[PDB]
Amino acid sequence: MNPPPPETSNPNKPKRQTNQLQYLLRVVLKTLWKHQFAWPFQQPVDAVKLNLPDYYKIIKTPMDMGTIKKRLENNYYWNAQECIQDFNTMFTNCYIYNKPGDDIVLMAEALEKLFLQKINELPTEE
Ligand SMILES: Cc1cc(SCc2c(C)noc2C)ncn1
């Protein structure tokens with residue numbers, strides 16, 4: 001079975017709208033989302049349709065860009081580090097689950113290269 005997805009709404013979590021979080025949406029997420037290799041990462045892993053019955057046995061902190069996009073658009077975060085951590089969790093899960101050198105690993109690596117280039121110029125907090 002699939003687990004419930006990660007949380008994207010929690011009214012008692014305190015929230016901020018900040019220039020670093022705006023950059024994470026307008027620059028980081030949008031750059032990765034439009035990439036030709038984004039599609040596997042645009043929603044939670046569907047272990048049923050993809051026939052991955054061991055995925056959620058191995059991966060206990062699932063994360064994906066559909067979840068991150070919702071978190072950014074719905075102002076779920078307090079700070080940029082929370083969102084950066086979500087991207088890094090997504091990449092790590094892919095590398096942990098998959099056989100080294102598989103297509104999905106090359107896809108994650110291409111997105112991660114762009115992620116790192118954009119994070120390198122995360123603006124100073126205003
Ligand atoms: C090309 C492709 C797509 C997918 S989508 C499912 C997926 C993701 C995302 N991370 O690990 C797996 C497995 N899997 C393999 N190969």
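Quick note: numbers below take in every heavy atom, side chains included, and nothing from hydrogens, waters or symmetry partners. All residue numbers refer to positions in the sequence shown, counting from 1. Counting convention: from 1, in listed order, for ligands and their atoms alike.
- Of all protein heavy atoms, the one lying nearest to atom 5 (S) of ligand 1 is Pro40 CB, 3.7 Å.
- When hydrogens are left out, the protein atom nearest atom 16 (N) of ligand 1 is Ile104 CB, 3.6 Å; that is the closest non-hydrogen contact.
- In terms of protein heavy atoms, atom 6 (C) of ligand 1 is closest to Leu50 CD1, 3.6 Å.
- Residue contact check for ligand 1: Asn98 places a non-hydrogen atom closer than 4.0 Å to it.
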TODO: Test salt bridge (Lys or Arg N to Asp or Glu O under 4.0 Å) on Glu82 and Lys13 and set out the steps.
DONE: CA-CA 13 Å; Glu82 286 176 281; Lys13 178 179 193 298; 2.8 Å; yes

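- Within ligand 1, the atoms closer than 4.0 Å to a non-hydrogen atom of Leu52 are 13 (C), numbered from 1 in the order shown.
- The cationic atom of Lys15 (NZ for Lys, CZ for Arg) does not lie both less than 6.0 Å from the six-membered ring centre of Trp78 and within 45° of the ring axis.
- Taking 4.5 Å as the limit, some side-chain heavy atom of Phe115 sits within range of a side-chain heavy atom of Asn88.
- A salt bridge links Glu73 with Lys69; the closest basic N to acidic carboxylate O contact falls under 4.0 Å.
- Residue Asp64 does not touch ligand 1, judged by heavy-atom distances below 4.0 Å.
- Hydrophobic clustering of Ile, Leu, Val, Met, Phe, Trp and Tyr side chains at less than 4.5 Å, counting indirect connections, unites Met90 with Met107.
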